[PDB]
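In what follows, chains carry the letters A, B, and so on, assigned in the order in which the sequence lines appear, proteins first and then strands, with residues in each chain numbered from 1. Note that these values count all heavy atoms, side chains included, but never hydrogens, waters or copies made by symmetry.
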Amino acid sequence: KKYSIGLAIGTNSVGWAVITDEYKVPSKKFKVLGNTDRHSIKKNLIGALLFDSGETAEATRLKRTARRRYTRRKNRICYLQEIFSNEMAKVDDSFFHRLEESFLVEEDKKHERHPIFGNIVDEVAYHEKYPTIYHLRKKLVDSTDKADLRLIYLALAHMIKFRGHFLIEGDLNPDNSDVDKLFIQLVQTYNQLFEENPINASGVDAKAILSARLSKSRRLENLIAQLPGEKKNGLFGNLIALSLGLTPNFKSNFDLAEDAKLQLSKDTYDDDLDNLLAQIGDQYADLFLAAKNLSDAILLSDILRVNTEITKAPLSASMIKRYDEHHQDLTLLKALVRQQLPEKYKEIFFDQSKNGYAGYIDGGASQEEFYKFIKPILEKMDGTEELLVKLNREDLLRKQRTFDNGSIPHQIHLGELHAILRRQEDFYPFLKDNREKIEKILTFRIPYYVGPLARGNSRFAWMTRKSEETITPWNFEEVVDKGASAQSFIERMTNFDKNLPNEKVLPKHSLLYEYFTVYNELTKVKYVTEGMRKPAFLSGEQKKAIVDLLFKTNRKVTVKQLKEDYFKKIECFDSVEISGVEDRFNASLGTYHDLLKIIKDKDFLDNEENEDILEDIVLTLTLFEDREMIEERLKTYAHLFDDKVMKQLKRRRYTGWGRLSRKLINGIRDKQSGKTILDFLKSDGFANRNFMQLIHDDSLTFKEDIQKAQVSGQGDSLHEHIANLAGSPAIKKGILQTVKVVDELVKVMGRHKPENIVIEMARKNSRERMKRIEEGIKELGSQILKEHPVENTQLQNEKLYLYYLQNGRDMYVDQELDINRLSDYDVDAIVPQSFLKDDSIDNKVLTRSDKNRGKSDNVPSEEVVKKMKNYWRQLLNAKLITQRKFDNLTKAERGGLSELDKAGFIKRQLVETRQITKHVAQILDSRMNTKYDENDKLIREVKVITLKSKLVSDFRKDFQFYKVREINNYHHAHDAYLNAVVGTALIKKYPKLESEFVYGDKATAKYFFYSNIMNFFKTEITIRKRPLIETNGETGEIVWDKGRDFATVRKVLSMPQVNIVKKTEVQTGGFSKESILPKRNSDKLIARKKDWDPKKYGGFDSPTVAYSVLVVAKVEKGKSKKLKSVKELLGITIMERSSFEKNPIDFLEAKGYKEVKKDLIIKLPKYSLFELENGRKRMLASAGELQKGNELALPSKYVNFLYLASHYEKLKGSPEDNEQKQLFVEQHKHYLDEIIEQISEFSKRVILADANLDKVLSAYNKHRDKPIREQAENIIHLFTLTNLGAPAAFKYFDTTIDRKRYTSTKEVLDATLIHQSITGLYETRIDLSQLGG
RNA sequence: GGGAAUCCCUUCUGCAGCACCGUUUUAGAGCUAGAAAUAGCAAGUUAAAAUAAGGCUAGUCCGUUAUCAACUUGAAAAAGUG
DNA sequence: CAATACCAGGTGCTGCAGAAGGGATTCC
DNA sequence: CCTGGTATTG
Ligand SMILES: [K+]
Ligand SMILES: [K+]
Ligand SMILES: [K+]
Ligand SMILES: [K+]
Ligand SMILES: [K+]
Ligand SMILES: [K+]
Ligand SMILES: [K+]
Ligand SMILES: [K+]
Ligand SMILES: [K+]
Ligand SMILES: [K+]
Ligand SMILES: [Mg+2]
Ligand SMILES: [Mg+2]
């Protein structure tokens, strides 16, 4: 008995099918277990497993880290209170107790209800004197008077609890506060450099202009307008733009060939500046640094909007400014509305439901919503002009706690904290003794390279301690081994050398590593001149001369430099032909040049004695990112370099690791030669063996030692192995489910292994789109966003997203495009989709007319490339198009598409090459094929074939086996069946294809062949004809009978009984909706803390049921508490689950159930299956809701008619065939009614939604004069009524049908519960009516 | 076909460290005319505390991913069953 | 118990490792 | 978005 298995692996489904020799699907009697009439059931061996998507670990991680942050914020406050404890006990022995119980209702409060002072008079006085905390903060910073210790605590605690960000290293307010003085000094430096061309900055109010609440470009334009002989793109204008945060191009200013684009925010700027400074000299450094300072000032002027010479608390002062302007403008607005619009006043100032001031302060209205609500009211009235100015500046009626306070760096809160400590330490000795401690509480961060400060109970931690004691912010450096921890942080993630598994990989920017790469590329260079008979390798001496003369004097070595600066200068060649490198060498000695610039001792770099040292330095620059740790590690080499060189070395840092170890590159030595790998790369006679040849050469010791060095650790489990695969967790869920399905199918066939296994694997964001366009346009310098504003959601339209990625220009014509005309334009594939089935933005382009691309049979023409390459290069540098997009756009100048390229593209359409699919194939192959033959080579009993989806899709369209996904879930199983059929037949017809299609170990000709690989199924081609019976040429075995086999496929797809199984899963994750609801009299509310009665404090509702439980017991009834027998479904919530499982009987008795039949407790996860009358099925949606449990097996004729009539996919083919399909549609129009009838007879039997079915029948009878195509398209929508799973709404034409829900689970308590195996072929059926009698 | 190193680019998976809001209860004396309903006016910007209930291993740790038909054994892990 | 209607925590930043899709040089 | 929880209405 021989059979094959077809598999369709998806993110939410695994389709599976078993076929025999004749491409038939067997059917078996399967035993049925349980307590019902039925002992067995007939099953077709075809089906599909369905499951909810597997989730990434990201949400879990964000919640985990937020949890740790809340814990540590609490700990900061606790440290501060511990410092304050004794002296506060002297001042007020319950202050911290009142703070602790502030949340409690007065009934539950154990102390007086007024937190700060414990009596109403003092509290009211405090609030009258300090309406905001920032008033108190400013007072405590500025005043010289001794202050109440409780107010000191409140100020310091407010600073520490909300401390601000840590984006800026070092200390702050370094005289770079004033924008005027930094602008004046920028002018000073610029005029120092350009004495002949100076700027008159007198009368220019730099302060107001640069700190104004306006866009960067607008402030630049204002300042430039105040300077007559200066333009915004001149040198001074570019410096101001750099200070304002734009991306100016200094190329034109200094006549540079290198495009000197500088943005102060980019990580590359540190190099980007130095590079520029290399060309125009270091005289301009003092200029480009001066502007930098200005930037800082401007940034701080966004946060501090007050003169810093009247107070040492400019932040708190700016908050008080917010408060005062809020008060003044509120008084003014109240008076204005009273005078002019007295009827609206209430709505504006009393209705929390409306987005007025009342909703802004008391309701849920945001600042943005309030501005939107009140802008027309201000425009409508008189005297609102200043208020409107403030509104458009987003500076009207501001609160102090706002979404935009993320700008505030921690250094400013720290300045205020330090000032308060300095003031009050004169009166409180413990503040003086603990000043730096409190400052440390605010400033300290756990470094990202240290991780959780665990003690052996965190699977996420890696930190090691220098001593075993509790870590605090003050003893962190002494207790935590920061060096070992930072080293572990990297080494727990980095790969070892695969060749030498015990050896650490080298840093990517190591000197030795770049030597290895350069020499490995250089040995395979070859050259010819006139007198030479044959191209020659470079000798060792030649390669060393090329390295010393070119690679050690130029960052990049081009082929032209090789030809002229070596072959002409040294070898006196006037002409030479080079191979092995194109345009320029890929490898380079970049670290060598970095270190040559820093240390300025070429002899030091070339001396081998320093090799170790230099390696170590790069290691330190790579392994660590903290400048203090980098400094500590480079201290051993302090004697070798100047302090200046040591500082410049500190600043230089590298990221990334190589793939080979130092021992492999330059450690192990071939036994007879005594030479390392790098030694052979430098010189290897006339063979010039590279790395691969070296380690694979049987005449050398390298291969032997590599084989010897290998180890193998503990073998992964199946699940472990699948988890470690690189891929989406969703597809990995699919992969594991596929393996389990195959195991069960093999067990079904009596442990006989299949002949073949054919596998096919299936193929917010608007925020990323907006980010890409913002970056690209500001990097481009364009004003298209000024003239055409857009929301992220709008960028989901393909044409508009392309429009903005193309800066509003045609991609093939150097012209502007019109937004309002996008519907008239074309979206065109750069490489045609006949060759590359790519529809991403990466292979798409917006143009006025696709005709302007050139010829349609190839890549855009040479003329278009000549026209548009510069514009494309700008788009590439702005990251609005990718490098691949640019290369495909410009391929015509490189010969365009060759015939080999087109043959390749067709092959790619047919042969699967994704790594994850190969991993699935390897898993199945290693599970099936385990025996070895006489030569100890693997015996491949089971051939694992992988197919791409296009094969079976084209098969379905070519032979009219159409699929309509919306009709039911059968199409997954049908896909699996068709995969088995097509794959088995394809390798039977052409066994030579096995290399391509089976796991395990002229361009026109292949193009033709692979384009015509599937023609053997067809009876007529193009207009050649083919036999009825198709056989293998060598064996003579029959592979395809076009008379009988197609009939078999059709019968299989017509079969109504298909095993669709929805994977039952316990629900996990959040306990409930996160929303903290206000107090309410409802037993649905859940306490947020053990003693916070939701009726007094609010809380949560809407918990998730982890799984339900069938309970058969007795509950007390009435005032008499008479025991009454019950059978019911109890939803165990995720939060309740651990308690319920620790002791189910105690949990259930706590809920009210008595005398619980312990053995009759049935665990019922989500999607548990129940069958009732007339084959009607329900799935458990929850403890109190059900889902539809049936599939509508619509006959094949109706499915194919629906596909053809709706113009599902494309009709394509030939116009005569299109006419035949149209004539069939029109000849079978009655099918429409028949289809409806089917749906109706199904819905009345199984769906039971009388109202919705009647509304649907009315809607169908209403649109009977509509075109047939549209009626069919909407009949497709009708199947949502009958689809398996949760009910959902759907539209028939313009009529909307809301979902009918199954809000009661009582009936399943007497129905039949069906437990299904993973395939559903094995069932256990439990008559629940026989329970609770 | 499978694989390696390098260059240009892109995407995705996993981890750590932080910030700003939001919400919730309490505190920030509402006033006057009426017995009340209510009416007229005043006021509003701030804070504390919680932010999965919680756990033991008690750490400035852990608590939302992955994995899960039923039945027989088995504490379980597991294997076995048509 | 029907039909029905609303609701659902959000934003921003820093640092790091890896595999893998596409193109290119050289090899096993 | 989906779809299960919830209050409201009847
Ligand atoms: K889930
Ligand atoms: K009390
Ligand atoms: K000007
Ligand atoms: K609000
Ligand atoms: K190159
Ligand atoms: K580094
Ligand atoms: K020195
Ligand atoms: K789960
Ligand atoms: K209040
Ligand atoms: K199952
Ligand atoms: Mg907590
Ligand atoms: Mg807040």
Could you encode protein contacts along [range] as a string, one character per nucleotide from 5' to 3', using B for base contact, S for sugar-phosphate-only contact and - for no contact, with a heavy-atom cut-off of under 4.0 Å?
range                        : result
nucleotides 14-28 of chain C : -BBSSSSS---SSBS
nucleotides 48-59 of chain B : BBBBBBS--BSS
nucleotides 68-82 of chain B : BBS----------SB

message: Can you list everything that forms a ring-ring contact (aromatic ring centres under 6.0 Å, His included) with A:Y519? Sequence neighbours excluded, please.
response: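 Partners of A:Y519 by the ring-ring contact (aromatic ring centres under 6.0 Å, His included) criterion come out as none, since no residue qualifies.
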Listed partners of A:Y448 passing ring-ring contact (aromatic ring centres under 6.0 Å, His included), at least two apart: A:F489
message: Run the side-chain hydrogen bond (donor to acceptor under 3.5 Å, both in side chains) test against A:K1073 and tell me which residues pass, sequence neighbours left out.
response: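 Checked A:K1073 against side-chain hydrogen bond (donor to acceptor under 3.5 Å, both in side chains); zero matches.
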task: Give the first and the last nucleotide of DNA chain D, reading 5' to 3', that has any atom under 4.0 Å from a heavy atom of chain A.
output: D:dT3 to D:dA7
message: According to salt bridge (charged side-chain N to carboxylate O under 4.0 Å, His left out), who are the partners of A:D108, at least two apart in sequence or on a separate chain?
response: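 Result, salt bridge (charged side-chain N to carboxylate O under 4.0 Å, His left out) vs A:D108: A:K1096.
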message: My understanding is that only residues two or more places apart in sequence, or in another chain, count here; which of them pass salt bridge (charged side-chain N to carboxylate O under 4.0 Å, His left out) with A:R68?
response: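 None.
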field: Inter-end axis angle, the helix from B:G2-C:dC28 to B:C21-C:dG9, with every axis fitted to five base pairs (rounded, 10 degrees)
entry: 30°
- line: Dot-bracket for DNA chain D, 5' to 3', Watson-Crick and G-U pairs with both distances under 3.5 Å, [ ] for crossing pairs, | for partner on another strand, reads ..|||||..|
Under 3.5 Å, which donor-acceptor pairs link side chains of residues 118-136 of chain A to any protein atom two or more places apart or in another chain?
residue, atom, partner, partner atom, Å
A:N119, OD1, A:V121, N, 3.2
A:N119, OD1, A:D122, N, 2.8
A:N119, ND2, A:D122, OD2, 2.8
A:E123, OE1, A:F117, N, 2.9
A:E123, OE2, A:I116, N, 2.8
A:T132, OG1, A:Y134, N, 3.3
A:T132, OG1, A:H135, N, 3.3
A:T132, OG1, A:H135, ND1, 2.6
A:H135, ND1, A:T132, N, 3.3

